[PDB]
Amino acid sequence: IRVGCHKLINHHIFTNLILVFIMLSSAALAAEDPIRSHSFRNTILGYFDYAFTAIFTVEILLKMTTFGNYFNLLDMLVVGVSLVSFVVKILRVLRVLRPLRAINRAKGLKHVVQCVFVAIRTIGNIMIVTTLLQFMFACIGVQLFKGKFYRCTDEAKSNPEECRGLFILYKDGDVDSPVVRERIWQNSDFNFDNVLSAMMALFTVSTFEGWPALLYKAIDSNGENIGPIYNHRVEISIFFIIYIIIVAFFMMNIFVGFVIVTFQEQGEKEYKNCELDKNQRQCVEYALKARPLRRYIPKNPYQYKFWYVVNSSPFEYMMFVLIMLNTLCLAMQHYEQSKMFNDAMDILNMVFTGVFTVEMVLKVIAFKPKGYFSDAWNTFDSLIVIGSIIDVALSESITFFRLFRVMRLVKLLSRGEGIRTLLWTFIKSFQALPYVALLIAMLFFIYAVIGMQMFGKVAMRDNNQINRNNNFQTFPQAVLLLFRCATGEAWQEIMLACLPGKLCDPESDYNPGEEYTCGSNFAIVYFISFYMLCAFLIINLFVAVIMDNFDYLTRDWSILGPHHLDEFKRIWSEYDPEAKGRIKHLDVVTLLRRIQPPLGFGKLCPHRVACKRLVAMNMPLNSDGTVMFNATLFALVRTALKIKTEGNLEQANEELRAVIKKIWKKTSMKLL
Amino acid sequence: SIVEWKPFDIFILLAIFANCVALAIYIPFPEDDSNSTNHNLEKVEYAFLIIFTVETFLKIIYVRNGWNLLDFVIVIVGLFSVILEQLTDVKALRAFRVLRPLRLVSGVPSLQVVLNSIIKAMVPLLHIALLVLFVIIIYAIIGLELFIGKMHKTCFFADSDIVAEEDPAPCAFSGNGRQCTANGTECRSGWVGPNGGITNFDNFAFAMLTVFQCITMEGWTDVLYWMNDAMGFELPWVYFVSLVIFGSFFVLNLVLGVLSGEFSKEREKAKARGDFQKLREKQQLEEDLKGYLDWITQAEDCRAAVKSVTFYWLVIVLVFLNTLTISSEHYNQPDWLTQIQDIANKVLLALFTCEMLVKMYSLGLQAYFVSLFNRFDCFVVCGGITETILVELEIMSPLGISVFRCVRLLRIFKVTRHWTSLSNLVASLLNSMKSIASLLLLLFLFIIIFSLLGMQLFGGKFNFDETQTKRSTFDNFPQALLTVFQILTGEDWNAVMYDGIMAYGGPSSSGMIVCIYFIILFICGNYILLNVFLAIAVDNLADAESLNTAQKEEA
Ligand SMILES: CC(C)OC(=O)[C@H](C)N[P@](=O)(OC[C@H]1O[C@@H](n2ccc(=O)[nH]c2=O)[C@](C)(F)[C@@H]1O)Oc1ccccc1
Ligand SMILES: CCCCc1oc2ccccc2c1C(=O)c1cc(I)c(OCCN(CC)CC)c(I)c1
Ligand SMILES: [Ca+2]
């Protein structure tokens, strides 16, 4: 009976258990020791994989019972490799396919992967053109600098027939500190010997890394098989300048521009402009998705005195001034300062923490502490002072609490109209697309694991790019190296440092006698592929985030926007102490007087135009002092946009129920 | 004064260009050295000063306009500089001469409007700049608090002031970081710093400079590793990784998004004028002419083969073989391959010229010169046929072999004719080539101005090491231009900044104030690049994308 197996595989908890097991198995894979093959940690982790590879084995058979696509074959491939593993290095490398099994489970991951593949397909035209341009420039560079990059170990011999034997080296230019060194006639690490080398060198140049060194190496190039001369041909830099301008500045900015325009055109599928344009679709909706708020006005005027004292413009400006002063006093502590200077700093810090504690106690007294912590800003500054107030007696661990007092400046970032909303919009957009960054995370994971398995045995020295701070011996360190290469710091230098002829650290179980074996020719393709993939994925994520909130980026503040409606709501709340729906019509005239001309009425007499317009337009025939929040705000929105005549008012309801989303029975009184 | 408008304003512009050339020729020798060229150029500069004063006093009628304001400010500061030089940092007062090339934009309104548009497109980025300022200040204060004066302890020898290794790195501050363990080495304080004292967090200015260096993704790993050596190993990675992600990745997203949303505003506004229609109307009649030029002429005035399907693929095979022959040369190539290459070139040149003469005398001589696709093919064929006789005759030209292979290499483009997508963008690029050239010329002028300023400031001043010679200097105009380009691309600009700082003393003294030259050049130079090459792409890709929509629907 293959229906119970179907119930089990389709059960609510089984899919989640499989997904968490997949991610746990990947985490176990990313915790193996790359150097010490005979290590205790790997033995425990190998035991973990035995159970993990059995659950994945018992679920493919269980799924196969009820069935008789290409993703299922991949799942069998991963399980097959583990069983066959039980040479072996290739299977170990192929073991990194564990995270790919989670693509078919999460819908968001599948969607973002499909979108990435579509983006790759639609942009293949530009890649071919720029590849052909790089090929042409590589051929030209081969013709220009074929074999001219050779140089001797000492800059005194300028041909191979002279670069033989030993020579005296003067360390650091000192004439009294000589040392004997060999003469080697060696080629450059990046040269233009054949087409492949030229393409690699031009790729490194186009990544804007290490290109000045190649430029000044090519300027000095004399001849076919002779050494360089200082500034032999400066005019040869025209080749590099032209290549950079054509490829890295033009053909790379056209890449991002094409991605941007493709995303913008694809997102313009909203062909519902039968009656409303983009502006109406952006403005009317905020009328529907609105909820009124109250002012939290307190009682007991004896307590309201402090509330009146605190909530004022002079108080806020004074606190601005003292926060700037505290920042200035914080950011003038130098090195080897005087004892009197340090004492003055301590006293001033005491004064500032005391005045901020006075602020806290006054605000908590005046602002009804039950709701004081409701706001995010008020809670944020409370943690700052509490951490700061405990350090006053500790001046005669502690360093962590010092950083708290720096954070008071962050509150000053939300004191401007536009810099706060820009941040709000982009962090909201980032939160709206969490699966796009998961592709970057998976790429980093896969490449870090491959780097562990390939270059994890390269010895760490002090004069090389594989040093104590930069190697593949640990997952945080491999990930840091990949992040550094993504930034493009010295990625080609590490790539060169990962070639086969490298010394191995004396901890791996290698064959005695041979120690210059670790490293592989896989390094070149590894690093080039990682750079290209990471650059493309970063561009894709950036453009997706930009396009997610594109209305704000093209807001056109002159016409209208949600800021006008928010100002309307905030000003209205002054005349509406509570959000209990219906409001009083007594001070509506003064309320509209307070509003800006784009939404309210201008500086002219309201009795001539505003009073006529308020009553002339159709309003719900409710009581004298009863009218809902929507019945006013949506009416004002419809007054501001696509004004009509009388008789066709029900066309608004028709548009709301047809073009706009479901009314959800909120327009029963809005029908009038 | 008297009416003199059309000859005067172009003669003065030629004078500006000549002054630019004269300023470019000057060589900034070190330590007050000179030659005859500067001796003549001082008198040339005198004559330019008198002519500028004469033409300024001629038109005074004038000061309220900003451009004329700068125009006479340059003249008066030059006069004061001449007076002070004769009556003797007086030589540095001539740095205002670098702004004379900027006067050339006032003489060309077509470029003045472009400069005005670029400048006006900067206001929306002020919020992002302010956010960057807060981020830099906050991270500078955090660095000052966390680690101040900790990168001051390298390992010297036993009872000596000589450092052990030639690339020193700090020891642990309190037994947590790197420990220098060599034959005889104990490490104590008294070290100057990693970059000579320029990269450290022991001051607010130093912290701000280090944070600005790290936020541009240039040398942040060096600072991270130095702090790993000096302080512990667990805190410093949190500081620098977060600073790079928030300070650079997030901000680069801020700028790119705002710029993209600004280009669309002007794209959807000029569209209402009908600019796309002008391109569409011009392109819509190009397909109506090709048919109305062959069909109307094919009646009474070899054409079966050239329009076949086998001929195109045969030509494709030939050009593939040409590319294979070109991309097979290498250092120490076998002696049997050179002869193969030089006979394949000859035979394939003969075959290509036979094909070209067949094509020319099969459809029409006057119907192919108009089209630009085949216009350079004749030049390529003529150059190829000229190269053979030139080489084989009594003209060796050893470098001439490598310059004539490029025109033969350009033949690969014969495969990219029938695309309908590449050519669609090329049409818009050729339509907007005038704006493209204007933007490129403005960028070139900006680079020239900053190269001249760098020549004036750091000319002949990088000779302070006495142990090595620097390659990225400002010694003469080509080298200054290359250095400015390198700083513009953002590759090792921090090294040039450190050299410029040391050229004016060191980390101490008032020499650090010159760091604003490289801070301004990077910020202002990179803004122009993102407003020139990105604007060319965006406003010429939406034009091509919209053409396809019109072309596909009309098809
Ligand atoms: C790989 C590193 C750099 O991380 C990235 O940003 C991605 C992984 N690729 P990318 O190639 O990075 C370099 C470009 O950054 C621009 N930049 C920076 C600061 C500024 O103020 N102004 C400005 O233009 C530039 C200086 F022009 C460079 O060309 O990103 C691009 C985005 C858009 C267009 C072209 C490239
Ligand atoms: C996932 C497969 C697509 C990756 C890819 O393939 C290419 C082929 C030719 C040209 C570009 C690409 C490409 C990119 O996504 C890519 C490559 C580079 I190099 C690239 O520029 C490198 C970063 N930058 C350095 C400052 C260039 C100016 C950018 I932006 C995108
Ligand atoms: Ca770099």
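Think of each number as a place in line: the chain as shown, counted from 1.
Structure method, as recorded: electron microscopy, 3.3 Å.
The backbone N, Cα and C atoms fix where each Cβ goes, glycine too.
Features as listed in Swiss-Prot:
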TRANSMEM  A:13-31  transmembrane segment
TOPO_DOM  A:32-47  topological domain 'Extracellular'
TRANSMEM  A:48-67  transmembrane segment
TRANSMEM  A:87-106  transmembrane segment
TOPO_DOM  A:107-125  topological domain 'Cytoplasmic'
TRANSMEM  A:126-145  transmembrane segment
TOPO_DOM  A:146-235  topological domain 'Extracellular'
REGION    A:183-273  region 'Dihydropyridine binding'
TRANSMEM  A:236-256  transmembrane segment
TOPO_DOM  A:257-313  topological domain 'Cytoplasmic'
TRANSMEM  A:314-332  transmembrane segment
TOPO_DOM  A:333-347  topological domain 'Extracellular'
TRANSMEM  A:348-367  transmembrane segment
TOPO_DOM  A:368-374  topological domain 'Cytoplasmic'
TRANSMEM  A:375-396  transmembrane segment
TRANSMEM  A:397-416  transmembrane segment
TOPO_DOM  A:417-435  topological domain 'Cytoplasmic'
TRANSMEM  A:436-455  transmembrane segment
TOPO_DOM  A:456-522  topological domain 'Extracellular'
REGION    A:503-569  region 'Dihydropyridine binding'
REGION    A:515-558  region 'Phenylalkylamine binding'
TRANSMEM  A:523-547  transmembrane segment
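Across the topological domain 'Extracellular' (A:146-235), DSSP classifies residues as 26 helix, 14 strand, 50 coil. Within the same chain, residues 395 sit at least 6 positions outside the topological domain 'Extracellular' (A:333-347) and bring their C-beta atoms closer than 8 Å to a C-beta of that stretch. For the transmembrane segment (A:348-367), the list of distant contacts is 303, 306-307, 309-311, 319, 322, 325-326, 329, 378, 381-382, 384-385, 388-389, 392, 405, 408: same-chain residues at least six beyond its ends, Cβ to Cβ under 8 Å.
In summary, the transmembrane segment (A:48-67) lies against the transmembrane segment (A:13-31): three or more C-beta pairs, each 6 or more positions apart in sequence, are under 8 Å. Most Cβ pairs under 8 A with the transmembrane segment (A:314-332) among the ranges A:13-31, A:126-145, A:236-256, A:397-416 are made by A:397-416. With DSSP classes pooled into helix, strand and coil, the tally for the topological domain 'Cytoplasmic' (A:368-374) is 4 helix, 0 strand, 3 coil. Note on the topological domain 'Cytoplasmic' (A:417-435): residues 106, 108-109, 111-112, 541, 544-545, 548-549, 552, 563 of its chain, located 6 or more positions outside it, place their CB under 8 angstroms from a CB of the stretch.
By the Cβ criterion (distance under 8 Å, sequence gap of 6 or more), the transmembrane segment (A:436-455) is not counted as touching the transmembrane segment (A:126-145), fewer than 3 such pairs being found. Proximity of distant same-chain residues to the transmembrane segment (A:13-31), defined by a Cβ-Cβ separation under 8 Å and at least 6 residues beyond the stretch ends, is recorded for 41, 45, 48-49, 52, 55-56, 59, 95-96, 98-99, 101-102, 105-106, 445, 448-449, 475. Counting only same-chain residues 6+ beyond the ends of the topological domain 'Extracellular' (A:32-47), those with a CB under 8 A from a CB of the stretch are 452-453, 456-457, 472-473, 505, 507-509. Within the same chain, residues 255, 258-259, 262, 434-436, 438-439, 536-537, 540 sit at least 6 positions outside the topological domain 'Cytoplasmic' (A:107-125) and bring their C-beta atoms closer than 8 Å to a C-beta of that stretch. Taking Cβ pairs closer than 8 Å, the topological domain 'Cytoplasmic' (A:368-374) reaches residues 296, 298, 382 in its own chain, all 6 or more past its ends.
Here the topological domain 'Extracellular' (A:456-522) has, by DSSP, the following mix of helix, strand and coil residues: 21 helix, 4 strand, 42 coil.
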